[PDB]
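Hydrogens, waters and symmetry mates play no part in the numbers below; they use all other heavy atoms, side chains included. Proteins get letters first, then strands, A, B, ... in listed order; numbering begins at 1 in each.
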2 protein chains.
Amino acid sequence: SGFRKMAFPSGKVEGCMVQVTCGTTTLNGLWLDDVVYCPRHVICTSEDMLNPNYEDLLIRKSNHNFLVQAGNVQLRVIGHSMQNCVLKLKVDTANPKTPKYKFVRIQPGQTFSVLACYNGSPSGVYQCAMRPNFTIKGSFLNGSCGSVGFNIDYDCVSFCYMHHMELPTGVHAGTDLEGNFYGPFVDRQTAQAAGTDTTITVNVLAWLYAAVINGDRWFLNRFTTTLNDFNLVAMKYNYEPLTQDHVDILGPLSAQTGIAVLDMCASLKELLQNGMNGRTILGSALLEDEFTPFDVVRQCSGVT
Amino acid sequence: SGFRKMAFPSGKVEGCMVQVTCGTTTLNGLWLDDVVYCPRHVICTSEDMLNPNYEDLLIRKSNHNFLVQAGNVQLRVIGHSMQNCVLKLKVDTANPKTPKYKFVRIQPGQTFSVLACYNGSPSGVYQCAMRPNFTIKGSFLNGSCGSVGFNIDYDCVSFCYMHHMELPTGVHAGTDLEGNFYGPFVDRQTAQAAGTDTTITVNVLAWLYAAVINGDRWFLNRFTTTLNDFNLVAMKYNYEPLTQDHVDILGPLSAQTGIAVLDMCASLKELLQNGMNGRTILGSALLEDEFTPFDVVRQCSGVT
Ligand SMILES: Cc1ccc(CC(=O)Nc2cnccc2C)cc1
Ligand SMILES: Cc1ccc(CC(=O)Nc2cnccc2C)cc1
């Protein structure tokens, strides 16, 4: 028992981190097989950042300008190319520590672990969700660009995020591993609207099931609701509308606890309308939306 | 910017995890150099657990009864001994992945990362604090025993905790790496009082400094207080009394923000007396005590 904001073990990803320097700029790169992936803004200077012409900036660079160091050892760069907002530096040596891996584009509301890195060295690991507005609320400082987000499926690392920038609001934006930004963001120092965000309803319900499994039951009530009624409440409180697809993915948790999904929706409805009255759920005084139904099952079963 | 409950990268510890089986019981072991450390209750059965005579149970075991598997490969056990509540199994091969390491006994209120494991395989990593009452509020299921807590100082892993048991209250108890329990706990299936716990005041103040650094400032007020006055409030709200030693370790954060420690104490006093009024601090609706002043500085500076 107990329920924590648990990240995947970061070892397989630590073995892929390298430092990439181009001119005066240094950030992190991800070395998988014989390619190093990093944010293309490694080729910019401060003057360039209002609206960089990445194509022109990259044309001024040669393979020898990209300095890649895997901890202590230097990698020899034999090719470079830009794909969307990432650079791919072909190196002459395949990373001996390359795990089995996939590049995936995650959906808003899904969760992943981030290995925050500086100068190619891992600093820490934390779990977070891709917000419905495609931002992440991470913990990143200057030099963290190129740090990645991922999930692990037994021996396979699915890389889903590469960190690119901090918005003026202090929230974070980045790309999938093909360099496509999540959300409307561009890699320019410009003020950029992140859409209206919402609370990930299916994750809050999954977390209420995790609470029941671990003995926090005070919020269970004698009520039920319908998807239509629940969605009027979700609307008022800026929660994502719940669909049958969300009810279906909560099926395992509903079966394990014997609490029908719509009955858990009625508990969530009352918590939204009444608040917590100074009480806590799994050590939190707010409704947590950073655990998916898969995360709750995985944590509550002991998946290695 | 941003502030997360960040754990240390778990790679150096993942390389030390093994599975230990004795008879019908399986748990995790920590393989450092040519020794595997694991909880001594690996030698018990269900009948034995009300009050095991560990000395007698161990006498019935030989080196060949301890099956140790490092992922896929079997280790040859050439010695066994019990030290307090841990067993030390001497193996004929030094772990090639042994990091630089130390065994340390942490103080109540200090934090560490846990790598939860099952059957010698890492499941996830999370950050937590050793409660003032020497329990930890972890996330552990049956089979997680032998999972360890640690901190990392550049290249050195300081192991501070090995998981042994779950109390009937759902909180966790374990030992340092010499097998001494933290707190009054014994490795028996008996109901056991965990002392009265308190909130780690110095950590809450460190976290209020982290909030100011990241822009959450609403709780700052026009007041100041004294250690004596602040401690009357801490007393009433079950917080640890603040000492000059705690004020001194908050010195760096006070210098960075320009907010005198006693002025931050007056903000904490008002939050204790008035609550949050439905507001949040660093995404939390309660006062967080799982970040030490060192953790806040480390996270806010980017230590790898
Ligand atoms: C368009 C663009 C891209 C990158 C940069 C640097 C940047 O944002 N680094 C950063 C990332 N995450 C957290 C804190 C910081 C400072 C500037 C402009
Ligand atoms: C004295 C003693 C020691 C160990 C055990 C098993 C045990 O507590 N395992 C466990 C640990 N952490 C979380 C959940 C579980 C079930 C029983 C009795």
Validation row: B:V296, B:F3 side chains within 4.5 angstrom (heavy atoms): yes

Closest contact, heavy atoms only, A:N95 versus A:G15: ND2-O, 2.9 Å

Euclidean distance, A:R76 CZ relative to A:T93 OG1, rounded to 0.5 Å: 9.0 Å

More than 12 heavy atoms from other groups under 6.0 Å of NZ on B:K97: no

Ring pair (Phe, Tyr, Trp, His ring centres under 6.0 Å) between B:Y161 and B:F150, intermediate numbers included: CA-CA 7 Å; B:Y161 178 80; B:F150 58 93; over 10 Å; no

Shortest non-hydrogen separation from A:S284 to A:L286 and the atoms involved: OG-O, 3.0 Å

Side-chain donor-acceptor pair present, A:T111, A:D295, cut-off under 3.5 Å: yes

A:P52 backbone acceptor or donor facing A:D48 side chain under 3.5 Å: no

Geometric class of the A:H41/A:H164 ring pair [parallel <30°, tilted 30-60°, perpendicular >60°]: perpendicular

Point-to-point distance, once rounded to the nearest 0.5 Å, from NZ of A:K100 to CG of A:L32: 15.0 Å

Cation-aromatic face contact B:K5/B:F291, 6.0 Å, 45 degrees: yes

Check: A:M162 and A:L177 side chains under 4.5 Å, non-hydrogen atoms: yes

Validation row: A:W31, A:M17 side chains within 4.5 angstrom (heavy atoms): no

side-chain contact (heavy atoms from CB on, under 4.5 Å) between A:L87 and A:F66, worked out: CA-CA 10 Å; A:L87 300 181; A:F66 295 97; 3.8 Å; yes

Contact summary for A:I78 and A:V91, nearest pair of heavy atoms: CD1-O, 3.7 Å

For B:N214 against B:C300, the heavy-atom pair lying closest together: ND2-SG, 4.2 Å

Stepwise salt bridge (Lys or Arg N to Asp or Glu O under 4.0 Å) check, A:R131 with A:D289: CA-CA 10 Å; A:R131 300 309 313 165; A:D289 75 347; 2.8 Å; yes

Audit row: B:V20, B:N28, side-chain contact (heavy atoms from CB on, under 4.5 Å) steps and yes/no: CA-CA 6 Å; B:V20 177; B:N28 307 280; over 6 Å; no

Under 3.5 Å: donor-acceptor pair, side chain of A:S158, backbone of A:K102: no

Ring geometry between A:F181 and A:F185 (parallel below 30°, tilted from 30 to 60°, perpendicular above 60°): perpendicular

A:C38 to A:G29 - nearest heavy-atom pair and separation: CB-CA, 4.0 Å

Under 3.5 Å donor-acceptor, A:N53 side chain and A:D56 backbone: yes

side-chain contact (heavy atoms from CB on, under 4.5 Å) between B:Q127 and B:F112, intermediate numbers included: CA-CA 6 Å; B:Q127 183 75 358; B:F112 60 92; 5.6 Å; no

No-hydrogen, no-angle side-chain donor-acceptor test under 3.5 Å, A:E47 and A:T45: yes

Test item: side-chain donor near acceptor, A:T243 and A:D245, under 3.5 Å: no

Distance in Å, A:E14 CD paired with A:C16 SG, rounded so as to fall on 0.5 Å steps: 10.0 Å

Enclosure of B:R105 CZ (heavy-atom neighbours >12, cutoff 6.0 Å): yes

pair A:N203-A:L205: side-chain heavy atoms closer than 4.5 Å: no

Backbone of B:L115 reached by a side-chain donor or acceptor of B:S10 within 3.5 Å: no

Spatial distance of atom CG (B:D216) from atom CG (B:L282) [nearest 0.5 Å]: 5.0 Å

Residues 140-149 of chain A side chain polar contacts: donor-acceptor under 3.5 Å, at least two apart:
unit_1, atom_1, unit_2, atom_2, d
A:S144, OG, A:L141, O, 2.7
A:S147, OG, A:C117, N, 2.9
A:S147, OG, A:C117, O, 3.3
A:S147, OG, A:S144, O, 2.6

Presence of salt bridge, A:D33 and A:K90, under 4.0 angstrom: no

Minimum side-chain heavy-atom gap B:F159-B:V13 below 4.5 Å: yes

side-chain hydrogen bond (donor to acceptor under 3.5 Å, both in side chains) between B:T26 and B:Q19, intermediate numbers included: CA-CA 7 Å; B:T26 292; B:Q19 172 189 90; 5.1 Å; no

Student check: side-chain heavy atoms of A:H172 and A:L167 closer than 4.5 Å: no

Spacing of CG belonging to A:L27 relative to CZ belonging to A:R40, to within rounding of 0.5 Å: 13.0 Å

Step-by-step side-chain hydrogen bond (donor to acceptor under 3.5 Å, both in side chains) determination, A:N133 to A:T135: CA-CA 6 Å; A:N133 73 354; A:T135 62; 2.7 Å; yes

Closest heavy-atom pair and its distance - A:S139, B:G2: OG-O, 3.4 Å

A:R4 with B:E290: basic N within carboxylate O range, under 4.0 Å: yes

Side-chain touch B:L75/B:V36, heavy atoms, less than 4.5 angstrom: yes

Flag, side chain of A:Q74 to backbone of A:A70, donor-acceptor distance under 3.5 Å: no

Between A:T201 and A:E240, a side-chain donor and acceptor under 3.5 Å: no

Reported CG-to-OG1 distance for the pair A:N119 and B:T304, which is rounded to 0.5 angstrom: 6.5 Å

Worked check of ring pair (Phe, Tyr, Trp, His ring centres under 6.0 Å) between B:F103 and B:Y37: CA-CA 12 Å; B:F103 287 174; B:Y37 299 83; 5.1 Å; yes

Check: A:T198 and A:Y239 side chains under 4.5 Å, non-hydrogen atoms: no

side-chain contact (heavy atoms from CB on, under 4.5 Å) assessment of A:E166 paired with B:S1: CA-CA 8 Å; A:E166 191 167 67; B:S1 70; 2.7 Å; yes

